[PDB]
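**Student:**
Number of protein chains: 2
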Amino acid sequence: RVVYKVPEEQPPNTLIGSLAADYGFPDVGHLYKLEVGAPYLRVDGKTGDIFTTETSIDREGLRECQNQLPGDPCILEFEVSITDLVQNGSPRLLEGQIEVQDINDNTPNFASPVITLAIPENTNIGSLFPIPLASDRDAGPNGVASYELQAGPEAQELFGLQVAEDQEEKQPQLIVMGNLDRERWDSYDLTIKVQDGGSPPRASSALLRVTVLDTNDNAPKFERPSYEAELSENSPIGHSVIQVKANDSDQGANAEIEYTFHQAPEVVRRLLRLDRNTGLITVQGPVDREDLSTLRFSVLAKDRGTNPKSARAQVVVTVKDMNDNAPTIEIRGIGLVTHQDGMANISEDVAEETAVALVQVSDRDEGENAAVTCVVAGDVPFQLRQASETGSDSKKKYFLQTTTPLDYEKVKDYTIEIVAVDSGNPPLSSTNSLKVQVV
Amino acid sequence: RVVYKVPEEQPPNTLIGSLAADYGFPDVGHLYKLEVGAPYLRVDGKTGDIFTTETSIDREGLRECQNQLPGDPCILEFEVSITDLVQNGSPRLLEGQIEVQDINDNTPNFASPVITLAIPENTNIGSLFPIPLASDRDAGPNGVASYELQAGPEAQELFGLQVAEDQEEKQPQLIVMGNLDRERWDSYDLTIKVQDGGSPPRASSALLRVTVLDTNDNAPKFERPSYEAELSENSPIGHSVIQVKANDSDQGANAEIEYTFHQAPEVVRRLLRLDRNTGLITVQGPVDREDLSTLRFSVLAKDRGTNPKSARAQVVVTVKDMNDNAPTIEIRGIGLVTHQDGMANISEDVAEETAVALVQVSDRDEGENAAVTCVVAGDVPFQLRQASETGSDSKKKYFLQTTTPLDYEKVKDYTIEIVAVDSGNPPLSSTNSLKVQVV
Ligand SMILES: *[C@@H]1O[C@H](CO)[C@@H](O[C@@H]2O[C@H](CO)[C@@H](O[C@@H]3O[C@H](CO)[C@@H](O)[C@H](O)[C@@H]3O)[C@H](O)[C@H]2NC(C)=O)[C@H](O)[C@H]1NC(C)=O
Ligand SMILES: *[C@@H]1O[C@H](CO)[C@@H](O[C@@H]2O[C@H](CO)[C@@H](O[C@@H]3O[C@H](CO)[C@@H](O)[C@H](O)[C@@H]3O)[C@H](O)[C@H]2NC(C)=O)[C@H](O)[C@H]1NC(C)=O
Ligand SMILES: *[C@@H]1O[C@H](CO)[C@@H](O)[C@H](O)[C@H]1NC(C)=O
Ligand SMILES: *[C@@H]1O[C@H](CO)[C@@H](O)[C@H](O)[C@H]1NC(C)=O
Ligand SMILES: [Ca+2]
Ligand SMILES: [Ca+2]
Ligand SMILES: [Ca+2]
Ligand SMILES: [Ca+2]
Ligand SMILES: [Ca+2]
Ligand SMILES: [Ca+2]
Ligand SMILES: [Ca+2]
Ligand SMILES: [Ca+2]
Ligand SMILES: [Ca+2]
Ligand SMILES: [Ca+2]
Ligand SMILES: [Ca+2]
Ligand SMILES: [Ca+2]
Ligand SMILES: [Ca+2]
Ligand SMILES: [Ca+2]
Ligand SMILES: [Ca+2]
Ligand SMILES: [Ca+2]
Ligand SMILES: [Ca+2]
Ligand SMILES: [Ca+2]
Ligand SMILES: [Ca+2]
Ligand SMILES: [Ca+2]
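For the record, the sequence lines run as chains A and A'. A prime marks a further copy of an entry chain.
In this text, residue positions in the first sequence follow the deposited numbering: the first is 2, and each later residue adds one.
In this text, residue positions in the second sequence follow the deposited numbering: the first is 2, and each later residue adds one.
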């Protein structure tokens with residue numbers, strides 16, 4: 002009817018207590034038989050002495066106390082029946098109770114010998130991150146008592162050990178104490194150590210890995226800020242113009258880049274295609290220099306981050322000239338010489354070095370492809386003389402003057418064909434006529 | 002019945018000849034009427050004098066002599082009838098003939114005031130190239146007599162004027178006297194001048210253009226002889242590896258280049274694609290560094306000439322490592338400790354710092370992705386000690402030794418789980434077990 006406090010895991014045949022403190026007398030005509038708790042306990046039979054056995058009483062692994070709360074003790078009950086050896090025929094039944102005293106026979110440890118914590122790279126100082134707890138099958142001071150953060154020099158002054166001391170359970174926590182930057186270090190090796198509070202203390206150690214996640218904190222940047230390239234007029238579709246490239250220090254989709262035309266006039270969009278993945282600018286239209294000599298635009302690199310960061314680069318492509326236009330001869334009336342549908346009305350009186358018509362010839366190409374030379378065909382008395390001076394210009398003009406004295410009778414009409422050709426390869430030629438009619 | 006030689010284009014009423022040399026007498030009872038050649042000739046009627054008219058006799062443009070050969074003269078016949086004025090009733094019929102003497106009234110000229118000759122750029126010295134002839138409506142010395150080649154300084158000492166003097170006709174010819182090279186000059190401006198042989202002489206001048214055709218005499222050349230590039234393991238299909246570029250000084254199809262793998266092992270062909278037109282090498286397979294750390298090959302640029310000229314360029318791509326392989330834990334028997342299906346048979350006698358098994362852990366990645374750390378899980382009396390020294394190698398090995406004194410009774414069997422993790426981002430972990438059974 003009284004309780005007996007006993008340590009667990011005692012050695013066999015350890016005296017727990019004597020019922021001498023109870024009502025019976027020592028070895029006095031009473032048989033002490035045990036009826037309950039047979040596996041663990043054992044009685045002297047003659048005396049009221051209780052003893053242990055070779056089946057060690059284990060607080061941690063005994064049914065009676067498995068799902069228990071911290072405050073409650075581990076109890077196992079027993080029933081010792083005493084029968085008077087004087088043949089009196091009425092056994093007494095003494096109910097008894099054992100409170101198992103705990104002892105530090107279990108080590109605290111973590112579910113896994115390694116722990117992986119994931120911390121965004123620009124988390125503000127003071128941020129907390131929980132660590133998986135260590136469990137101790139023991140109770141009281143023999144349970145989890147204190148953690149400790151063992152880290153290297155670099156890791157020190159970045160991470161600290163703060164512990165929520167909530168009566169529920171020890172909550173360990175990693176406090177961020179410095180700025181992280183995945184583009185500098187993306188892995189840290191901490192070591193966490195746990196101990197229990199009974200002496201001598203038990204301990205465990207798990208490796209705490211801290212990897213840092215990527216934030217889109219870096220925008221893309223182009224190899225060089227601006228791009229130059231040349232491209233031949235009338236190039237074949239698919240011909241490669243230039244390749245633009247930018248790279249981003251981030252990781253994953255925060256560094257995956259896509260290229261797109263930024264503020265490109267329609268005229269350029271029609272003629273150029275920009276492969277968004279490879280950043281390759283190729284031709285997709287008729288590159289005609291005479292329409293546009295040089296095309297300018299800016300390309301945009303955008304990383305695939307949720308809040309994507311941009312980057313701009315200027316690019317200019319100069320179009321190299323091709324000889325795809327022939328010279329053009331125009332004939333018009335100089336001074337008082339009216340022209341109409343390619344005809345002229347002249348008298349045979351003013352006949353020497355007299356300008357009849359003014360011819361201007363011009364070629365839309367560049368340089369040697371517009372270096373035009375012009376002459377008069379056949380045998381007709383009309384010289385082409387240098388009209389005026391534009392320097393060394395590609396377009397020139399000539400006085401179409403007379404070289405002979407004319408007479409209405411012998412010569413009646415004319416048909417003059419002027420021929421022009423450019424110094425190209427292949428060369429291009431044009432011809433234009435003029436029927437000077439005399440009166 | 003006699004012939005009369007007369008120049009053409011005479012002035013009207015020019016005395017050609019008198020029939021006084023014939024049988025009749027001057028103005029003696031004979032009427033001289035003209036019956037043939039009315040348009041051009043005219044007779045005095047009283048005398049036997051023949052005269053011209055205002056319809057000028059033209060050798061060049063008269064029907065009687067159009068399709069004639071050089072030797073033949075221009076003839077026109079006439080019939081003068083004489084009737085005796087003494088009423089004798091039997092007219093005599095005098096047949097006569099005029100040979101038109103030629104005079105230099107026509108200028109030699111070319112069909113076109115400009116002539117375009119096409120000369121391959123590496124034609125050997127001495128090669129001949131015909132020039133269109135000049136035509137002269139005149140005949141004899143009044144016809145084409147001599148050409149002349151008027152050229153600039155640069156053109157001089159490259160081209161000469163040689164003339165086939167075949168009795169058929171003057172054949173002008175341009176003789177090549179120096180090496181041409183379209184990659185140096187692709188256009189030349191000669192001037193050809195023709196004259197006739199009657200004095201004063203007539204002349205014409207046509208511009209003779211000489212353009213040079215392209216021969217595939219230049220092979221392509223790469224921007225730089227060799228190419229380096231980096232490429233991340235397991236890159237997405239289509240990702241741009243590098244762009245190779247070569248250019249050729251020729252023109253047209255002799256400079257159009259196509260790029261193809263030259264002597265590339267199949268392993269590289271499976272993983273890389275080379276766009277033959279743009280020369281862009283992109284990814285088309287699983288880039289696995291552990292299979293090949295760096296891929297080397299050579300690319301070929303071939304111009305589209307009929308006899309195409311080649312160009313080779315070496316290229317090496319180093320594969321950047323990714324953490325796509327987890328560490329591997331192997332457990333094997335050290336010394337006299339036989340292992341079988343992950344078991345061991347040990348006695349509790351040798352118990353302190355006694356190697357039970359040998360563990361070797363290794364990661365196929367590189368650097369931090371193979372920087373492995375290894376530990377023992379849970380609470381079990383077995384320490385991992387540094388087995389031996391490979392320096393700072395990525396693969397390590399540990400003695401799996403005992404840390405406590407064992408006894409067959411209290412401890413009966415074990416299950417040890419070794420855990421390994423690499424210093425990657427993300428990190429990869431592996432685990433391997435070993436059931437050491439005691440006897
Ligand atoms: C994004 O692109 C830029 C520009 O290409 C990269 O920066 C460049 O990286 C190369 C490779 O290391 C550097 O080459 C270095 O050159 C110096 C001499 O200039 C030499 O001493 C080194 O041994 C090395 O060969 C280059 O200097 C550097 N340029 C700049 C302006 O930074 C950048 O690395 C790329 N991004 C990533 C994530 O790789
Ligand atoms: C085929 O590609 C080669 C290599 O890119 C071209 O040769 C290069 O042409 C550029 C453009 O003129 C040259 O730039 C020059 O640089 C010098 C200083 O190095 C500067 O003083 C000049 O004003 C000019 O900017 C470059 O030097 C030259 N490199 C070599 C090795 O020749 C070549 O032109 C291309 N083929 C064709 C037909 O264009
Ligand atoms: C020349 O005069 C005729 C006569 O009326 C006229 O029809 C023609 O248009 C004139 N041409 C020029 C160029 O003056
Ligand atoms: C241990 O001994 C048992 C007994 O036969 C045997 O079956 C087993 O294979 C042995 N294992 C080792 C690792 O020696
Ligand atoms: Ca216990
Ligand atoms: Ca404990
Ligand atoms: Ca305990
Ligand atoms: Ca950062
Ligand atoms: Ca980042
Ligand atoms: Ca980014
Ligand atoms: Ca054009
Ligand atoms: Ca052009
Ligand atoms: Ca032109
Ligand atoms: Ca007149
Ligand atoms: Ca004539
Ligand atoms: Ca002539
Ligand atoms: Ca003549
Ligand atoms: Ca050449
Ligand atoms: Ca060539
Ligand atoms: Ca070529
Ligand atoms: Ca791989
Ligand atoms: Ca790898
Ligand atoms: Ca790895
Ligand atoms: Ca023993």
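Backbone N, C-alpha and C define an ideal beta-carbon position, used for all residues, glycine too.
Let's test the definition: count the other Cβ atoms within 10 Å of the Cβ of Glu234/A and tell me whether it reaches 16, buried, or not, exposed.
**Tutor:** buried
**Student:** If distances are taken between C-alpha atoms only, which option among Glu166/A', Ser188/A', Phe160/A' comes closest to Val177/A'?
**Tutor:** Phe160/A'
**Student:** What does a CB cutoff of less than 8 Å around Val288/A' pick up in its chain, not counting 5 residues either side in sequence?
**Tutor:** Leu232, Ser233, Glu234, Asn235, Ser236, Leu272, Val320
**Student:** Looking only at DSSP bridge pairs, what is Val81/A' linked to?
**Tutor:** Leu35/A', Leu95/A'
**Student:** Check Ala21/A' in the structure and name its three-state DSSP category.
**Tutor:** helix
**Student:** What does the alpha-carbon distance come out to for the pair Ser200/A and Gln174/A?
**Tutor:** 25 Å
**Student:** Does chain A' have any CB closer than 9 Å to the CB of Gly379/A?
**Tutor:** yes
**Student:** Can you tell me whether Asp139/A is buried or exposed, with buried defined as 16 or more other CB within 10 angstroms of its CB?
**Tutor:** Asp139/A is buried by the Cβ-count criterion.
**Student:** Starting from the N-terminal end, write out each residue whose C-beta falls within a distance shorter than 7 Å of any non-hydrogen atom of ligand 2.
**Tutor:** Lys222/A', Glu224/A', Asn248/A', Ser250/A'
**Student:** Excluding the 5 residues preceding and the 5 following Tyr5/A in the sequence, name in chain order all residues of the same chain whose CB lies nearer than 8 Å to its CB.
**Tutor:** Around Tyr5/A, the same chain offers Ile17, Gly18, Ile51, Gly97, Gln98, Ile99, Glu100 as residues with beta carbons nearer than 8 Å, after the five sequence neighbours per side are excluded.
**Student:** Along the beta strand (DSSP E) that carries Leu232/A', what are the first and last residues, could you check?
**Tutor:** 227-233
**Student:** Using the beta-carbon of each residue, find all residues closer than 5 Å to any heavy atom of ligand 21 and list them in chain order.
**Tutor:** Counting only heavy atoms of ligand 21, the residues whose C-beta sits closer than 5 Å to one of them are, along the chain, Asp289/A', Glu291/A', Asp325/A'.
**Student:** Rounded to whole angstroms, what's the CA-CA distance from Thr403/A' to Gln384/A'? Just pull it up for me.
**Tutor:** Straight-line Cα distance between these residues: approximately 6 Å.
**Student:** Would you say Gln402/A' lies against chain A (beta-carbon separation less than 9 Å)?
**Tutor:** no
**Student:** Could you list which residues in chain A have their beta carbon closer than 8 Å to that of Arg277/A', in chain order?
**Tutor:** Near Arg277/A' there are no residues of chain A at all, since even the closest Cβ is about 11 Å away, more than 8 Å.
**Student:** Throw me the rounded Cβ distance for the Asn326/A' and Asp366/A' pair, which I believe falls under 8 Å.
**Tutor:** Yes, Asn326/A' and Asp366/A' are in contact; Cβ-Cβ is about 5 Å, under 8 Å.
**Student:** Could you list which residues in chain A' have their beta carbon closer than 9 Å to that of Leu281/A, in chain order?
**Tutor:** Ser241, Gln244, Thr279, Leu281
**Student:** For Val338/A and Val357/A, what's the separation of their Cα atoms in angstroms?
**Tutor:** Those two C-alpha atoms are separated by around 7 Å.
**Student:** Would you say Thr117/A faces chain A', with C-beta separation under 9 Å as the test?
**Tutor:** yes
**Student:** Using a beta-carbon distance cut-off of less than 8 Å, what residues from the region 189-200 of chain A approach chain A'?
**Tutor:** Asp190
**Student:** Cβ-heavy atom distance between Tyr5/A and ligand 24 below 8 Å?
**Tutor:** no
**Student:** Is there a Cβ of chain A' sitting closer than 9 Å to that of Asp167/A, yes or no?
**Tutor:** no
**Student:** Taking the straight line between their C-alpha atoms, what separation do you get for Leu401/A and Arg386/A?
**Tutor:** 7 Å
**Student:** Report the residue ranges of all beta strand (DSSP E) runs contained in full by the region 289-365 of chain A; include only those spanning at least 3 residues, in chain order.
**Tutor:** 295-304, 311-321, 329-334, 344-347, 356-363
**Student:** Rounded to the nearest angstrom, what separates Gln341/A and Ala421/A at their Cα positions?
**Tutor:** 22 Å
**Student:** Per DSSP, what kind of secondary structure is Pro13/A in: helix, strand or coil?
**Tutor:** coil
**Student:** What is the DSSP secondary structure of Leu150/A', counted as helix, strand or coil?
**Tutor:** In this structure, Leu150/A' counts as strand in the three-state DSSP scheme.
**Student:** Please list, in chain order, all residues with a C-beta atom less than 6 Å from at least one heavy atom of ligand 8.
**Tutor:** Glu122/A, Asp182/A, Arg183/A, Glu184/A, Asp218/A
**Student:** In the DSSP assignment, find the alpha helix (DSSP H) that holds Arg386/A' and state where it starts and stops.
**Tutor:** No alpha helix (DSSP H) contains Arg386/A', which is instead part of the beta strand (DSSP E) from 383-387.
**Student:** How about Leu162/A and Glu149/A: are their beta carbons less than 9 Å apart?
**Tutor:** yes
**Student:** Quick check on the burial criterion: 16 or more other C-beta atoms within 10 angstroms. Buried or exposed for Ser227/A?
**Tutor:** exposed
**Student:** What did DSSP end up calling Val269/A once you bin it into helix, strand or coil?
**Tutor:** helix
**Student:** Suppose contacts are defined by Cβ-Cβ distances below 9 Å. Is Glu80/A in contact with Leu35/A by that definition?
**Tutor:** In this structure, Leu35/A lies closer than 9 Å to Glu80/A by Cβ.
**Student:** Going along the chain, which residues put their C-beta within less than 6 Å of some heavy atom in ligand 5?
**Tutor:** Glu9/A, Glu10/A, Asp59/A, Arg60/A, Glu61/A, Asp106/A
**Student:** Answer yes or no: the CB of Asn426/A' versus the heavy atoms of ligand 23, is any distance below 8 Å?
**Tutor:** no
**Student:** Would you mind listing the beta strand (DSSP E) stretches within the region 170-235 of chain A' that are 3+ residues and don't spill past its ends, in chain order?
**Tutor:** Taken in chain order, the unbroken stretches of beta strand (DSSP E) that lie wholly in the region 170-235 of chain A' and span 3 residues or more are 170-177, 188-197, 204-214, 227-233.
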